[PDB]
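Single-structure report; data block below.
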Amino acid sequence: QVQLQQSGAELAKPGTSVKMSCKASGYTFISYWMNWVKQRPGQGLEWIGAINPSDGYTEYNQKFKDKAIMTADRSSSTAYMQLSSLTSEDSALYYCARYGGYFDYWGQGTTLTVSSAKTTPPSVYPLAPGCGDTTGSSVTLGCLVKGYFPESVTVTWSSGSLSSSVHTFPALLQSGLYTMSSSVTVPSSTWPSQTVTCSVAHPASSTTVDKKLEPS
Amino acid sequence: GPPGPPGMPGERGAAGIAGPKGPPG
Amino acid sequence: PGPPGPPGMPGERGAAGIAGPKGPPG
Amino acid sequence: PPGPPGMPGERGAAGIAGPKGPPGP
Amino acid sequence: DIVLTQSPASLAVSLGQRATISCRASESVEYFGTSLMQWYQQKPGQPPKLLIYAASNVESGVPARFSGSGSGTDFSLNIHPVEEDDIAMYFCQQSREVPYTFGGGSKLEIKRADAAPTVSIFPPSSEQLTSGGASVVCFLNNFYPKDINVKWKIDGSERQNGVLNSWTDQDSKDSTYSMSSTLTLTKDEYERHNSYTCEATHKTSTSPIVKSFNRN
């Protein structure tokens, strides 16, 4: 089927350049104008521009004319976009999407983050229930990922044993570093006789951290 | 035998994007 | 038998995109 | 006999971009 | 540009009921015979999915449950009948004037029976203390409806800030809302005081919900 393989995520220091990709496949590359959109989470979709690839011709929204520089390679069946002089506002998520009267097929989106803040592996802190506490049929555990950057981070419990009964709360930005947390609920019988562990992967910093949850 | 005939003409391409708003009177 | 025939000629180029609507008032 | 017909031709290029609108009154 | 405006912001309906969303345009977007509005669906972590193009027509592979009507400057999207799959953001956009512009968004949440939320309170981990920071997590799970207010209280006395909170959102399976809420102290500050408690005010309980833990 038609497919829009977008390039990997990206982090850049403000004021630097950045180039992005969108390998197209499954239809004649030439025949369809390709477009670019910008999504900033919790805000709407902003049309950046579009490039016809049969000739290289391009058309930009007024706003992005100085920022965005659209390119295409006919051999590669690839569309490119370049963003220069990056400034935080630019930090966001960028889709390439095919156009045939409407935006029928999209890529998955490359994700841009622009900051001075340097790459940091996360401190992981277990959340064993209160020293002084009353057990029930269900026990809730969790563990807390803190002080990591940049953002993509994922947590798997008992080595992926539990998908249900698991709550993952989205990250926030705390003093220029990210912080997230995860909840898991097993039965009272199950823990602590069994082992419950949260494994935390922060592939950005090439680091995974595994934490066995212990009671007191 | 001789080769087959040439293939049918290709499909017509996609329509171009719409233009921007006209200048002021 | 014989080999298949060659590729057909390329297709008509797509229709031109529409003009934008009327501008602000004089 | 003869071989089959070759594949269909490549699809036309995306249409040219739309132009500026008419002036207002 | 052309300014599209969606209503309402967010809406809640029960599965099997009807959901209607309205897109309103700054200037009408009709070229000769027919209007040029499309409706898009977007789900968390995913690119937008085309539903409707030209208002009346439906993209091949989109269930009939999605009927969209409009004409002129005013359009609306309708779904009958709503399903667990259909939790999403919905966008309207026009292909009439460049630069192409999108709606602002409309969140679609399911209506379901009010559910009390289980609460859990966690001390800061020893590990973290060694580091010299101390934070106190409180989890609030499996509730509805969304509106909830958390309140932190040290030694019987309230603290307003240093707190961060994060929410989960309804899902193809879970329709309840869960919330984390971290409260982040310094070690010394934590050490000085003794008793800590997160407090929870929600529809389902006239009396505010509490979990406390005495230090030691």
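In table form, for the structure just shown:
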quantity	calculated
Sole residue being closer than 16 Å to residue E:47 by Cβ, crowded, with 18+ Cβ neighbours inside 10 Å, of a type outside the set (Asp, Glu) and touching an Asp or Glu at 6+ places or on another chain (Cβ under 8 Å), chosen from A:110, A:28	A:110
Among the residues listed as E:166, E:175, the single one being part of a strand (DSSP E or B) and either in contact with a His (Cβ under 9 Å, 6 or more places away or on another chain) or within 14 Å of chain A (Cβ to nearest Cβ) (or both)	E:166
Filtered residue count, region A:24-49, keeping only those that are closer than 19 Å to residue A:73 by Cα, among the aliphatic types (A, V, I, L, M) and facing another protein chain (nearest Cβ under 8 Å)	1
Residues being touching a residue at least 40 places away in the same chain (Cβ under 8 Å), under 26 Å from the mean Cα position of the chain (by Cα) and assigned to a loop (DSSP other than H, G, I, E, B) - total across region A:25-48	2
Condition check for residue A:13: surrounded by fewer than 13 Cβ atoms within 10 Å (Cβ to Cβ) and basic (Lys, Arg)	yes
Among the residues listed as A:181, A:159, the single one being outside the structural domain of residue A:50 (by CATH) and crowded, with 17+ Cβ neighbours inside 10 Å	A:181
Test set (1) more than 24 Å from residue A:108 (Cα to Cα); (2) among the small types (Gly, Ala, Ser); (3) away from every other protein chain (no Cβ under 11 Å) - residue E:54 fails condition number	(3)
Of residues in region A:61-75 being more than 26 Å from the chain's Cα centre (by Cα) and not charged (D, E, K, R), the one surrounded by the most Cβ atoms within 10 Å (Cβ to Cβ)	A:62
Conditions (1) more than 24 Å from residue A:213 (Cβ to Cβ); (2) basic (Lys, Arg); (3) under 19 Å from the mean Cα position of the chain (by Cα); number of the one not met by residue A:146	(1)
Residues of region E:108-141 that turn out to be closer than 13 Å to residue E:167 by Cβ and surrounded by fewer than 21 Cβ atoms within 10 Å (Cβ to Cβ), as a count	2
Search result, residues across region A:89-101 that are crowded, with 21+ Cβ neighbours inside 10 Å and either within 14 Å of chain E (Cβ to nearest Cβ) or of a type in the set (A, V, I, L, M) (or both)	A:94, A:95, A:96, A:97, A:98, A:99
Any hit, region E:21-36, residues being out of contact with any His (no Cβ under 6 Å at 6 or more places or on another chain), surrounded by 13 or more Cβ atoms within 10 Å (Cβ to Cβ) and closer than 17 Å to residue E:172 by Cβ	no
Scan of region E:163-182 for residues that are farther than 12 Å from residue A:169 by Cα, surrounded by 15 or more Cβ atoms within 10 Å (Cβ to Cβ) and of a type in the set (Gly, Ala, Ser), ordered by number	E:175
So residue E:190, is it surrounded by 13 or more Cβ atoms within 10 Å (Cβ to Cβ), under 20 Å from residue A:140 (Cβ atoms) and among the aromatic types (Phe, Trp, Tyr)	no
Among (1) surrounded by fewer than 20 Cβ atoms within 10 Å (Cβ to Cβ); (2) among the small types (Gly, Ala, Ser); (3) more than 30 Å from residue A:21 (Cβ to Cβ); (4) in contact with a strand residue (DSSP E or B) (Cβ under 9 Å, 6 or more places away or on another chain) - the single one residue A:128 does not satisfy	(1)
Scope region E:150-166; condition within 15 Å of the chain's Cα centre (by Cα) and farther than 12 Å from residue A:181 by Cβ; matching residues	none
Conditions (1) within 10 Å of chain E (Cβ to nearest Cβ); (2) more than 21 Å from residue E:167 (Cβ to Cβ); (3) not hydrophobic (A, V, I, L, M, F, W, C): number failed by residue A:164	(2)
The one condition in (1) farther than 30 Å from residue A:5 by Cα; (2) without any contact (Cβ under 8 Å) to a residue 12 or more places away in the chain; (3) under 23 Å from the mean Cα position of the chain (by Cα) that residue A:163 fails to fulfil	(1)
Of all residues making up region E:8-30, the number that are within 14 Å of chain A (Cβ to nearest Cβ), part of a strand (DSSP E or B) and closer than 18 Å to residue E:69 by Cβ	1
Residue A:20 vs. criteria more than 14 Å from chain D (Cβ to nearest Cβ) and either touching a residue at least 60 places away in the same chain (Cβ under 8 Å) or assigned to a strand (DSSP E or B) (or both)	yes
Any chance residue A:145 is closer than 19 Å to residue E:131 by Cβ and not assigned by CATH to the domain that holds residue A:10	yes
Failed item, numbered, when residue A:60 is tested on (1) of a type in the set (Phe, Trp, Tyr); (2) under 23 Å from residue A:113 (Cα atoms); (3) in contact with a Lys or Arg (Cβ under 6 Å, 6 or more places away or on another chain)	(3)
Residues located in region E:95-130, provided they are part of a loop (DSSP other than H, G, I, E, B), among the acidic types (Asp, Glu) and either under 28 Å from the mean Cα position of the chain (by Cα) or at the interface with chain A (Cβ under 7 Å from one of its Cβ atoms) (or both)	E:114
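Basis: the model, the stated rules and, where named, an outside source; none is laboratory data. A quick note on method: Cβ atoms are made from the backbone with ideal geometry, for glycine too, and the neighbour counts reach across all protein chains shown.
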